[PDB]
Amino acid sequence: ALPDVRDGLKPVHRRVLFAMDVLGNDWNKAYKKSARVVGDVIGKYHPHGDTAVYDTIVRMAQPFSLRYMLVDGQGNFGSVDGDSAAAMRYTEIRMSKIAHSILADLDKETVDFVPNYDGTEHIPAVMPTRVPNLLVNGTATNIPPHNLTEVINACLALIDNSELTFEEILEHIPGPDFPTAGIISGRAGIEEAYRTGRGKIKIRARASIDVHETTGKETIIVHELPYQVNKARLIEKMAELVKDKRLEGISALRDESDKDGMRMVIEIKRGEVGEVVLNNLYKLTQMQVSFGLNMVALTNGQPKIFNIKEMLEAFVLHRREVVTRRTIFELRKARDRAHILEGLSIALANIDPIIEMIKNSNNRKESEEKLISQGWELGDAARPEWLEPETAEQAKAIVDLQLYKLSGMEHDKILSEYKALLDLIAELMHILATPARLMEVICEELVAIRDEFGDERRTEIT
């Protein structure tokens, strides 16, 4: 499968995340065992028995895999050395802070829900992301990760001026940014893939030469490797090139890497040239690789090659749709709550005669009719739309009202809210009526996420 261009996810990815959201498996709350989440996924959404689900969980918690993890996990989840994560019975998991911004407003009829494999539960067909995840974590296809700050910037620049040229896009996004860092060098390959959808670049490892102060001996220290390069396979390919005399000048190889940092160690035979050895390392091993940017995603059920402006367009169109649906929904809800409070405020303004008719009725069904059949004394854009020019719904709210509601501040609470709901409806319609207030809301959301999640660039571009 291919991921959706709007939220950047594949079906299994959403099923996992939605499951964690339904479980209250939040970033503030206590970690839950991975098994638990795998259980609800298999149970309600991916009825299979594989390790697709677990692998998906594992992949989303690896900092060397995602430029912005979606899963905050504790325990053994593998390494750049390619070792495996421990069993689902032994890893703890929970959503990451940024993952919630991808699920924001799921409860406000923002995206279409579909039925699950048996028709007893439903799943969003797409996430209401405030984050341009597809570009940011990257993803036939081969889209590399990017920097959240740069992408939001392009997004803002794009809302302020839709005629944005590719050249301007590049001032904002100079190129990819891997979680793994490194150095990109294929500068025209970047623009190539941005205007076209297809390009090829060179990713190089970061390395420095130390000179031992007393022996003058040289050592090369590899700090950063290119995206996806297995560190241990790389030291093996290196040991080999030394064995076959295909790589001269090295007297010793060691990994001294940590849970805290990478430290590959390549000793330089006395007299040989550090720089030259480094240059030969870059020609014979995965110290250097090619990356083919081939940017395909599903737009409206179909594979498509995208240029970078289109990717930015898709994300922004999707934000217009989610914010619009969100506001439609909030306005319907506010009118329904306003209608019930109103019905309770005249009820509370004459609570004593209201007391009988409850006394004089022989069941609850019939109590109510004495309220829809007699007409009450007292003491518009806020009317629900399902509401006829003249109800049962209100009487349910009175007849089912708790005795303690007559209390002084309760009364005052059910009418400040009522009153506050009338400002809400007013505010809500401005936003829907006015294209500008709406884009303004979208712009504050983008600035908000850029503020909370924006970070430095990691990969250097030469």
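Residues carry their position along the shown sequence, with the first being 1.
- [ ] Please count the deposited residues lying between residue 352 and residue 353 that the model leaves without coordinates, and give the class: none, 1 to 3, 4 to 9, or 10 or more.
- [x] Missing residues, residue 352 to residue 353: none.
Task: Unresolved deposited residues in the interval that joins residue 379 and residue 380 - done: Missing residues, residue 379 to residue 380: 10 or more.
Open item on the list: Please compare 168-176 with 355-363 and name the stretch with the higher mean C-alpha B-factor in the deposited structure.
Closed with: Here the higher of the two C-alpha B-factor means belongs to 355-363.
Task: Higher-B stretch (mean Cα B-factor, as the entry records it), 253-261 or 80-88 - done: Taking the mean C-alpha B-factor of 253-261 and of 80-88, the larger value falls to 253-261.
TODO: Tell me which of 310, 72, 240, 336 tops the list for C-alpha B factor in the record.
DONE: When the deposited C-alpha B-factors of 310, 72, 240, 336 are compared, 240 is largest.
Task: Which of 181, 104, 131, 344 ranks first by CA B-factor in the deposited coordinates - done: Among 181, 104, 131, 344, the PDB entry lists the largest C-alpha B-factor for 344.
Open item on the list: Sorting by Cα B-factor within the chain, modelled residues only, which third would residue 416 end up in: lowest, middle or highest?
Closed with: Highest third - that is where residue 416 ends up once the chain's C-alpha B-factors are sorted.
- [ ] Consider only the C-alpha atoms of the modelled residues in this chain, order them by B-factor as the entry records it, and name the third containing residue 433: lowest, middle or highest.
- [x] For residue 433, the deposited C-alpha B-factor lands in the middle third.
Task: Chain-wide C-alpha B factor ranking for residue 386, given as lowest, middle or highest third - done: Highest third - that is where residue 386 ends up once the chain's C-alpha B-factors are sorted.
- [ ] Sort the modelled residues of this chain by their C-alpha B factor and say whether residue 218 lands in the lowest, middle or highest third.
- [x] Middle third of the chain for residue 218's C-alpha B-factor.
Task: Chain-wide C-alpha B factor ranking for residue 138, given as lowest, middle or highest third - done: It belongs to the lowest third of the chain when residues are ordered by C-alpha B-factor.
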